[PDB]
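Participant:
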Amino acid sequence: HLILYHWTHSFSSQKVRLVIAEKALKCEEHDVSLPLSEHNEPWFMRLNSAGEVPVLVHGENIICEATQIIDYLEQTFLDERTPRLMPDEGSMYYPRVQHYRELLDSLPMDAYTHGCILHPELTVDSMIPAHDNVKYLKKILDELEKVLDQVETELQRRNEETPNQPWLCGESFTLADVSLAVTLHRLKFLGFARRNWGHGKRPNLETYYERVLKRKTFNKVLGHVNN
Amino acid sequence: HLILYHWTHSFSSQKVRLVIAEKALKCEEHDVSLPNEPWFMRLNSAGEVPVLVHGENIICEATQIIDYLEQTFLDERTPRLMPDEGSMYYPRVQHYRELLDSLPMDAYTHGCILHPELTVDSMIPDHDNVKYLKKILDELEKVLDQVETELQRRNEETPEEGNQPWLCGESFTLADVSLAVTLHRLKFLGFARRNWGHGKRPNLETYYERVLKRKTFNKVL
Numbered sequence: 025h026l027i028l029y030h031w032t033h034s035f036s037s038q039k040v041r042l043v044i045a046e047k048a049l050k051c052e053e054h055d056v057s058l059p060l061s062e063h064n065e066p067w068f069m070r071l072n073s074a075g076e077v078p079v080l081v082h083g084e085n086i087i088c089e090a091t092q093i094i095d096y097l098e099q100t101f102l103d104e105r106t107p108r109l110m111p112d113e114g115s116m117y118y119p120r121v122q123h124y125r126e127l128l129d130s131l132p133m134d135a136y137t138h139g140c141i142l143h144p145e146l147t148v149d150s151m152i153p154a199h200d201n202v203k204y205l206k207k208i209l210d211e212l213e214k215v216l217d218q219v220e221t222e223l224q225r226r227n228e229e230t231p235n236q237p238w239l240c241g242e243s244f245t246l247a248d249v250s251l252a253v254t255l256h257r258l259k260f261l262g263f264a265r266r267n268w269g270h271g272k273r274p275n276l277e278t279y280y281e282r283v284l285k286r287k288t289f290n291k292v293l294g295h296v297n298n
Numbered sequence: 025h026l027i028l029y030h031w032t033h034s035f036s037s038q039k040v041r042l043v044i045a046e047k048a049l050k051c052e053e054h055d056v057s058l059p064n065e066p067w068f069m070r071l072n073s074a075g076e077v078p079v080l081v082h083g084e085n086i087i088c089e090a091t092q093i094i095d096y097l098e099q100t101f102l103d104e105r106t107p108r109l110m111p112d113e114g115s116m117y118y119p120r121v122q123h124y125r126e127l128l129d130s131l132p133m134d135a136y137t138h139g140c141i142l143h144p145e146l147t148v149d150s151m152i153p198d199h200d201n202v203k204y205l206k207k208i209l210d211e212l213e214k215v216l217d218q219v220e221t222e223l224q225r226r227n228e229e230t231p232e233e234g235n236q237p238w239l240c241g242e243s244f245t246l247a248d249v250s251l252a253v254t255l256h257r258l259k260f261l262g263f264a265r266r267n268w269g270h271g272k273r274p275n276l277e278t279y280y281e282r283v284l285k286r287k288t289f290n291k292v293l
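Protein chains in written order, with UniProt numbering: chain C, 25 to 154, 199 to 231, 235 to 298; chain L, 25 to 59, 64 to 153, 198 to 293.
#1: Is any beta-carbon of chain L found at less than 7 Å from that of residue 96 of chain C?
#2: Helix or strand or just coil, what does DSSP make of residue 251 of chain L?
#3: Roughly how many angstroms lie between the CA atoms of residue 264 of chain L and residue 199 of chain C, to the nearest whole one?
#4: Check whether the Cβ atoms of residue 224 of chain L and residue 275 of chain L lie closer than 7 Å to each other.
#5: Can you name the start and end residues of the alpha helix (DSSP H) that residue 134 of chain C belongs to?
#6: Which residues, in chain order, does the segment 71–88 of chain L contribute to contact with chain C at a C-beta distance below 7 Å?
#7: Using the three-state DSSP reduction, which class does residue 201 of chain C fall into: helix, strand or coil?
#8: Apply the 10 Å Cβ neighbour rule to residue 99 of chain L and answer buried if 16 or more other Cβ atoms are within range, or exposed otherwise.
#9: What whole-angstrom Cβ distance do residue 66 of chain C and residue 60 of chain C have, given they're in contact under 8 Å?
#10: Rounded to the nearest angstrom, how far is the Cβ of residue 150 of chain L from that of residue 71 of chain L, given a contact under 8 Å?
#11: Check whether the Cβ of residue 56 of chain L lies closer than 7 Å to any Cβ atom in chain C.
#12: For residue 29 of chain C, decide whether its Cβ has a neighbour in chain L, counting only Cβ atoms nearer than 7 Å.
#13: What residue from L/142, L/84, L/68 and L/257 has the CA that sits closest to residue 63 of chain C's CA?
#14: Buried or exposed: residue 60 of chain L, going by 16 or more other Cβ atoms within 10 Å of its Cβ?
#15: Go ahead and label residue 29 of chain C buried or exposed: buried means 16 or more other beta carbons lie within 10 angstroms of its beta carbon, across all protein chains shown.
#16: Would you check if the distance between the CB atom of residue 125 of chain L and the CB atom of residue 246 of chain L is smaller than 7 Å?
#17: By alpha-carbon positions, which one of C/50, C/144, C/207 and C/33 ends up nearest to residue 27 of chain C?
#18: Just verifying my parser: in three-state terms, what is the DSSP assignment at residue 283 of chain L?
#19: With a CB to CB cut of under 7 Å and the five nearest residues on each side skipped, what residues in its chain are close to residue 258 of chain L?
#20: So does the segment 81–96 of chain C actually touch the segment 102–113 of chain L, counting three or more Cβ pairs closer than 8 Å?
#21: Under a Cβ-count criterion, where at least 16 other Cβ atoms within 10 Å of its own Cβ denotes burial, should residue 270 of chain L be classed as buried or exposed?
#22: Please name the residue in L/113, L/108 and L/204 whose C-alpha comes closest to that of residue 63 of chain L.
#23: CB-CB under 7 Å to residue 32 of chain C, same chain, minus the five flanking residues each way: which ones, in chain order?
#24: Quick check: what's the CA-CA separation for residue 248 of chain L versus residue 152 of chain C?
#25: Looking at the secondary structure, which residues open and close the alpha helix (DSSP H) in which residue 124 of chain C lies?
#26: Would you grab the beta carbon distance between residue 216 of chain L and residue 286 of chain L for me? Rounded to a whole angstrom, and I think it's under 8 Å.
#27: Would residue 234 of chain C pass as a contact of residue 253 of chain C if the rule is Cβ separation under 7 Å?
#28: With distances taken from CA atoms, which of C/220, C/39, C/242 and C/34 is nearest residue 97 of chain C?
#29: Could you check which residue in L/35, L/113, L/25 and L/47 has the C-alpha nearest to that of residue 244 of chain L?
#30: Please go through the same chain and pick out, in chain order, the residues whose beta-carbon is closer than 6 Å to the beta-carbon of residue 220 of chain C, but skip the five residues on each side of it.
#31: Count the other C-beta atoms from every protein chain shown that fall within 10 angstroms of the C-beta of residue 139 of chain C, then say buried if there are 16 or more, exposed otherwise.
#32: Just the C-alpha distance for residue 77 of chain L and residue 37 of chain L, rounded to the nearest angstrom, thanks.
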């Protein structure tokens, strides 16, 4: 009874879709994007996140924008069988989850993609077949490393608390996990994964990404996008 | 192909649909409104934003949808609802369109339901106080007087013979869409008699009676 209009390649669309799948909600999803053969240039050449906002229709209500869609889904579907991606607002765990979710959503993925195509010599194993100065790209990638180091320390805390492997903010899969997983998968697509993790660097994050890949929901909604 | 998600009762939805019909665009429209309490009991124009899906683009909000339809469908067969920006007629049409779109329809309808005494012939089977309703109704009368004077100018500029003019000229424009939908909603609420009719605002009265005869207006609304 749900209808979603989205673009497969759209970052925010991927987040919304993963949230739908995690919550075990039957949804009619329509990919408005046209085939590649009709576009003079692929999507990553022309991406505009501000112009590309998915739309959700649930009976009478019509909800634009991905974050609005996710919030509406989290507040509207309170059935006991449907999983919850967010802790109760009264709980002391909600601030942590919300902080990390905001952190991962603030990252400028469009800048990273743009920079990845303009400066392909900074990418490693970029999945593309293949403000504008390289110094700007260097800056934003170092900021990304700071955010990812914060994430690594949080994952280290989680690993300490575990003697049932835990996720980023706890045992339960949360919206912060959705944001982080989609973000890492997009970085992987761009080729910015090797500099940030792997080969003995950020091991907790590497294990996180691998575990995510094995997950049924994530694997059903994603993996086909990269290839 | 075009897809539209809207609410029949929604004011802005009505404007978007009238624009679609006036441009002769084939569109697939879905009424998402439910078949407990009526729509005029609960009103939030900000909550109910229509959405247009045109191939690969998704446009929320009615004004954005209308501007997009005008900028996109540039085929010579498809009529234009706005003059070109370079023209001296475009400022006039844009001013009047903004003037009509600025009106607080939500307030008028909420007050019509709240104060049934003020509606002469409603078609229903500090904002709450009556003074606010009277105040916004007087402002409405001022706006409609501006429209009335513009229509009087149209009458002066048109000869005895020939095609009768619309608000800003001879061609139907977006300002006409806004004005027609506004007048229709006022008639639904019962605020039409106060503003025109019975020798009151004759130019505006004739404008509305001419609107009702338009095939596109009668098909959509």
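For each residue, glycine too, the CB sits at the ideal point set by N, CA and C.
Facilitator: To lay it out plainly:
#1: Position 72 of the first sequence, counted from the first residue, corresponds to residue 96 of chain C. No, no contact with chain L.
#2: Locating residue 251 of chain L in the second sequence gives position 179, counting from the first residue. The answer is helix: DSSP assigns residue 251 of chain L an H, G or I state.
#3: Reading the second sequence from its first residue, position 192 is the one you call residue 264 of chain L. Reading the first sequence from its first residue, position 131 is the one you call residue 199 of chain C. Computed Cα separation, rounded: 56 Å.
#4: Within the second sequence, residue 224 of chain L is the residue found at index 152, counting from 1. Within the second sequence, residue 275 of chain L is the residue found at index 203, counting from 1. Cβ distance < 7 Å, so residue 224 of chain L and residue 275 of chain L count as in contact.
#5: Along the first sequence, one-based indexing puts residue 134 of chain C at 110. Judged by DSSP secondary structure, residue 134 of chain C falls within the alpha helix (DSSP H) whose first and last residues are 133–142.
#6: Going along the segment 71–88 of chain L in chain order, one finds 77, 79, 81, 83, 84, 86 and 88 with a Cβ nearer than 7 Å to chain C.
#7: One-based indexing of the first sequence puts residue 201 of chain C at position 133. Assignment of residue 201 of chain C by DSSP, reduced to helix, strand and coil, places it in the coil class.
#8: The count along the second sequence starts at 1 and reaches residue 99 of chain L at position 71. Exposed, since its Cβ has fewer than 16 Cβ neighbours within 10 Å.
#9: The count along the first sequence starts at 1 and reaches residue 66 of chain C at position 42. The count along the first sequence starts at 1 and reaches residue 60 of chain C at position 36. The beta-carbon distance between residue 66 of chain C and residue 60 of chain C, rounded to whole angstroms, is 6 Å. This is short enough to meet the 8 Å contact definition.
#10: Position 122 of the second sequence holds residue 150 of chain L. Position 43 of the second sequence holds residue 71 of chain L. Rounded, the Cβ-Cβ distance is 15 Å, inconsistent with contact.
#11: One-based indexing of the second sequence puts residue 56 of chain L at position 32. At least one chain C Cβ lies under 7 Å of residue 56 of chain L.
#12: What you label residue 29 of chain C is simply residue 5 of the first sequence in a count that begins at 1. Residue 29 of chain C has a beta carbon lying within less than 7 Å of a beta carbon in chain L.
#13: Locating residue 63 of chain C in the first sequence gives position 39, where the first residue counts as 1. Ranking the options by Cα distance to residue 63 of chain C, first place goes to L/84.
#14: No coordinates exist for residue 60 of chain L in the structure shown, because the numbering of chain L passes directly from 59 to 64.
#15: Here residue 29 of chain C corresponds to residue number 5 of the first sequence, with the count starting at 1. By the 16-neighbour rule on beta-carbons within 10 angstroms, residue 29 of chain C is buried.
#16: What you label residue 125 of chain L is simply residue 97 of the second sequence in a count that begins at 1. What you label residue 246 of chain L is simply residue 174 of the second sequence in a count that begins at 1. Result yes, Cβ atoms of residue 125 of chain L and residue 246 of chain L sit closer than 7 Å.
#17: Locating residue 27 of chain C in the first sequence gives position 3, counting from the first residue. Comparing Cα-Cα distances from residue 27 of chain C to each of C/50, C/144, C/207 and C/33, the minimum goes to C/50.
#18: Counted from its first residue, the second sequence places residue 283 of chain L at position 211. In this structure, residue 283 of chain L counts as helix in the three-state DSSP scheme.
#19: Residue numbering aside, residue 258 of chain L sits at position 186 when the second sequence is read from its first letter. Around residue 258 of chain L: 264 and 267.
#20: Short answer: they don't touch.
#21: Mapped onto the second sequence, residue 270 of chain L falls at position 198. Taking a 10 Å sphere around the C-beta of residue 270 of chain L, we find fewer than 16 other C-beta atoms and assign the residue as exposed.
#22: There are no atomic positions for residue 63 of chain L here, as chain L continues from 59 directly to 64.
#23: As a working mapping, residue 32 of chain C is identified with position 8 in the first sequence. The beta carbon of residue 32 of chain C sits closer than 7 Å to those of 55, 57 and 296, all from its chain and outside the five residues before and after it, given in chain order.
#24: Translated into positions along the second sequence, residue 248 of chain L becomes position 176. Translated into positions along the first sequence, residue 152 of chain C becomes position 128. So the two alpha carbons sit approximately 50 Å from each other.
#25: For the purposes of this step, residue 124 of chain C is taken as the residue at position 100 of the first sequence. From DSSP, the alpha helix (DSSP H) with residue 124 of chain C extends over 118–130.
#26: Within the second sequence, the letter at position 144 stands for residue 216 of chain L. Within the second sequence, the letter at position 214 stands for residue 286 of chain L. With a Cβ gap of about 20 Å, residue 216 of chain L and residue 286 of chain L do not count as contacting.
#27: There are no atomic positions for residue 234 of chain C here, as chain C continues from 231 directly to 235.
#28: As a working note, residue 97 of chain C is residue 73 in the first sequence. Comparing Cα positions, the closest option is C/39.
#29: As a position in the second sequence, residue 244 of chain L is number 172, starting the count at 1. It is L/47.
#30: The sequence position of residue 220 of chain C within the first sequence is 152, counting from 1. 273, 275 and 276.
#31: The residue given as residue 139 of chain C occupies position 115 in the first sequence. A buried status is given to residue 139 of chain C, since no fewer than 16 other beta-carbon atoms sit within 10 Å of its beta-carbon.
#32: Translated into the one-based positions of the second sequence, residue 77 of chain L becomes position 49. Translated into the one-based positions of the second sequence, residue 37 of chain L becomes position 13. Taking the straight line from one Cα to the other gives about 8 Å.
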